[PDB]
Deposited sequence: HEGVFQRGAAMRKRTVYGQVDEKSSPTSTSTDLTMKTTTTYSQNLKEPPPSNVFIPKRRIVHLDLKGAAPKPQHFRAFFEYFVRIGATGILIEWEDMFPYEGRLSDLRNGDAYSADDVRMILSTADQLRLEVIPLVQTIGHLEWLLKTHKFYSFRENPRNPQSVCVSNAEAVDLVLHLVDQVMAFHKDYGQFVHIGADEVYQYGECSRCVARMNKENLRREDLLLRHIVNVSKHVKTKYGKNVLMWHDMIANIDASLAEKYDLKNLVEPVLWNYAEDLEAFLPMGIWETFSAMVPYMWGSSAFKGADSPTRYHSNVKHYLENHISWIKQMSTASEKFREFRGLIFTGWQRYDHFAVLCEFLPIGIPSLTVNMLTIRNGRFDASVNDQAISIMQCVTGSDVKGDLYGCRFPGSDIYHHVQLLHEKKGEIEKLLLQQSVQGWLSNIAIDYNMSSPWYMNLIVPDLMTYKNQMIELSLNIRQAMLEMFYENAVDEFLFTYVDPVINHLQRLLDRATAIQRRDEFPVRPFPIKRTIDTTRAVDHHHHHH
């Protein structure tokens, strides 16, 4: 079983490329056998009217969006918009402006389904997007991911609005309905309204997925999609490439689809998720350039129906990496969009592992403790072995920061680089510097007090 639709998620909640660089990405997406993309604009769309105010400051122009979709179209890439319609609306409801619209007045996450002024804002939001996307895809994704009648009547509502006005098929995330009685699904004629997208980013799905989950859903709907991950599902603070993880998800998905393909009028395809933050408010996870290796190997793996040293190897020559090499281990001299940023961030991963190993060895542990730092009281001799290592790693991390800023600044907006550095690079420079200061001060002491000396 090979999914005929293979869709690459583009999550713009953060680290949203500058607009001239989508062509490159998209051409790469063709070159690995993607049929389409899923664009979650979040706050980066050129919103207008009442929504103009909840736009990212670095938001994309009308002329940009029109060029992005054209470029997609010309490269024979389908475009599915993702618009959140119930939850994950922090970007919209978190100012004063729509405070009134929230399910819970403290949480900027959900909108009150039962408040029709709010449902109205949602439908405008849909229409503002579909304005641009209408001429360019057969599908729309409405979210409804991470009393049941109010939910389903909200979905129904939204679905029909899209189906009717734009003649497209609605996809939503599965979690909202996996529980519900087959009965309620029929009551709301869901077999005719929505295509559930089942998502699971685990390595062994066989471990996490209930049994006859597929049997459950085929008894409810004719159309089903699946959703794997290439990035944004290791850890929230995952900033580097861990291909081994995503690859397990993809192998584990092949087996699943090869059992589920046949119980549906059509298993439509798989969406390769690529979260940029775990949520609006979370930190930046792995940048798209960092996810290219994962994404390359996992596309080829789903189209070849399994992973083998053949897959590995086409993968590499597509990335124009240096021959030999393993896609699961280190890669050198690759040439793909953002490949410099990859190179540099992967170095960051390595340097930081060294630095943590040094901060965990006997020297720093025993003689650069908190009492050493606060009471300038330790062995000069131990300093002489530490201070040199602190200074090297500190200076290397300073140069890494420069390089990454330069690399990332050709493709990303400042805030995104500033956020990355602030999160994943700078705290270490600061921490090395503060240790280097105290270890240097102790290295300069020659006279120490007899014990005991006051402590608190």
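- Residues of the deposited sequence with no modelled C-alpha atom fall in the ranges 1-53, 200-219, 530-545.
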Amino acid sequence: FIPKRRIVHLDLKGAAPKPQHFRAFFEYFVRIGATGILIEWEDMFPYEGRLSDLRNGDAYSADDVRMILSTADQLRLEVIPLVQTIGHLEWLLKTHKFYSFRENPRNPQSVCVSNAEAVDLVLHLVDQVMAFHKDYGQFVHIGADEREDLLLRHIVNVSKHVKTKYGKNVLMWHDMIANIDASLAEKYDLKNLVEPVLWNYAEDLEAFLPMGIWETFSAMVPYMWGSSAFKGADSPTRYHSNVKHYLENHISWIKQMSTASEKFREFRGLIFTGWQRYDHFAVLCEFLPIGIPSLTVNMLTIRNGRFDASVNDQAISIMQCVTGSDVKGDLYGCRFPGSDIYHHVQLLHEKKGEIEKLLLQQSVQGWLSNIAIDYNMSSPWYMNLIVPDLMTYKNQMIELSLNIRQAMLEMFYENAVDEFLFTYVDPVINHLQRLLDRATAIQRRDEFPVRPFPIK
From here on, numbers count along this sequence of modelled residues.
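- Higher mean CA temperature factor, per the PDB entry, when comparing 317-325 with 293-301: 317-325.
- For the segment pair 124-132 and 210-218, the entry gives 210-218 the higher mean B-factor, averaged over Cα atoms.
- The PDB entry gives the largest Cα B-factor of the residues 286, 279, 330, 73 to 330.
- Which of 340, 78, 356, 148 has the largest Cα B-factor in the deposited entry comes down to 148.
- When the modelled residues of the chain are ordered by their C-alpha B factor, residue 251 lands in the middle third.
- Per-chain ranking of the deposited C-alpha B factor places residue 233 in the lowest third.
- Residue 205: CA B factor in the highest third of modelled residues in this chain (values from the PDB entry).
- When the CA B factors of the chain's modelled residues are split into thirds, the value for residue 173 lands in the middle one.
- Ranked by Cα temperature factor within the chain, residue 438 sits in the middle third according to the deposited record.
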